[PDB]
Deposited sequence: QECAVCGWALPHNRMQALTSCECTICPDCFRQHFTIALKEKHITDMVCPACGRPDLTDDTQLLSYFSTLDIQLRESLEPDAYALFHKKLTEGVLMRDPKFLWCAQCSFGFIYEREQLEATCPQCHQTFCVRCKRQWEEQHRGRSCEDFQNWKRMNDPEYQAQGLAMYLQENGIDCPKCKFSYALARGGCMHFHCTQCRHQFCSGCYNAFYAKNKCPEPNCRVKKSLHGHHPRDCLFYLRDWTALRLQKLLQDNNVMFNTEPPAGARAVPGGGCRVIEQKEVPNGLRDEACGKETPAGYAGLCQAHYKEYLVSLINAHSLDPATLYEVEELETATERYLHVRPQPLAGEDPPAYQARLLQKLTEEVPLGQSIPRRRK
């Protein structure tokens, strides 16, 4: 319990425990030796003043030098370490779990914090496990996300929130689900648009589309494959369009848990949907399950017109082509349906801005 250079009798907890040589040096002589070694000697002369015993020594010594040295003496130690040993700045690591900063100049990918003594990846900063060895980092975090019970317990609700609502005017991203309400209001730029097709909701007398009969009312214009229209389809007919194109869809979970944002006095509070989750709807609302089916339809660019009857084709022609169709002489309902379906799919494309 004596200082190995001055002999001063101090408790062990009141001296500098030099990690490299395990001496016991009082704070005064610790300051004295390393300050003169930097201001008048070379950094290679920074051995222990008691005994006299590489870059992992400087990493452990940097911690003790930060505590006892002066701010300007500590800056001179970085300068000579940079200008004399490394030819560059030292790589300073922050431990994400204990917030301790330390120098790490080793070639290994896993670094151990000198404070909390936990191992983490130098690029990930996630806690290290043997499953990360030999695996890419993106593969590792996606492995922990695929094996988290609380993550998987939410089910398809996490899929609807990943499909973010991007405001087409200000490009702000909202990690939300569309649900049943299609009229979206952006708080950043006040733009009003549909969350399914990203088309504009026009105010009174602001719609420029020709042959529109609701110009004096707030409304938007949606393609035939928008959630605005396909929400009116039954869940059965929606998934038959998926089945007709060999697209899988959930009916069982792998109150509705989809997170919504309600208005509260102190901003916005996250609240689950909590609606009735019928059987065969993957444990979600009817509105959110239909949103889940429509996202699969839009991702594969499935055309709902392939299931249109004759009346539905006449409606789509008057809406998107602004021409009332009429059967030709010699046509039967199949020929009249085939003609309208062909001209509709040739002249009117699907959603040119629907998230796919």
query: Deposited sequence positions missing from the model - stretches, numbered from 1, in order; finding: 54 to 61, 263 to 271, 374 to 376
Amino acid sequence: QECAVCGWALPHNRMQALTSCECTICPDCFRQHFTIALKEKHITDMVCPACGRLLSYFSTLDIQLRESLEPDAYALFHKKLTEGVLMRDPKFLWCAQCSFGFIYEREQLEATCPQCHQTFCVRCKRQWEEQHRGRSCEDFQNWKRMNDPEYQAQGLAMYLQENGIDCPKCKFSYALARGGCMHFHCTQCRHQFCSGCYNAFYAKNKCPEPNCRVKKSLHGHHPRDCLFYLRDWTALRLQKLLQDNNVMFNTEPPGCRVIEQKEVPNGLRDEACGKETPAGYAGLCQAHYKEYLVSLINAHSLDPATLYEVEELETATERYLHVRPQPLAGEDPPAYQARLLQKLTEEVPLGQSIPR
From here on, numbers count along this sequence of modelled residues.
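Under this definition, the rigid core comprises the largest set of C-alpha atoms superposing within 1.5 Å between the forms.
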property: Higher-deviation segment by CA RMS in 4 other deposited structures of this protein, core fitted, 296 to 304 or 54 to 62; result: 54 to 62
property: 95 to 103 versus 136 to 144 - which carries the larger mean C-alpha B factor in the record; result: 136 to 144
property: Residue range whose averaged C-alpha B-factor is higher in the record, 259 to 267 or 119 to 127; result: 259 to 267
property: Residue with highest C-alpha B-factor in the PDB entry, from 275, 88, 237, 231; result: 275
property: Largest Cα B-factor, entry values, listed residues 55, 299, 293, 307; result: 55
property: Ranked C-alpha temperature factor of residue 220 among modelled chain residues, by third; result: lowest
property: Third of the chain's Cα B-factor distribution that residue 189 belongs to, per the entry; result: middle
property: Chain thirds of CA B-factor: placement of residue 280; result: middle
property: Residue 34 - Cα temperature factor, lowest/middle/highest third of chain; result: highest
property: CA B-factor ranking of residue 226, expressed as a third of its chain; result: lowest
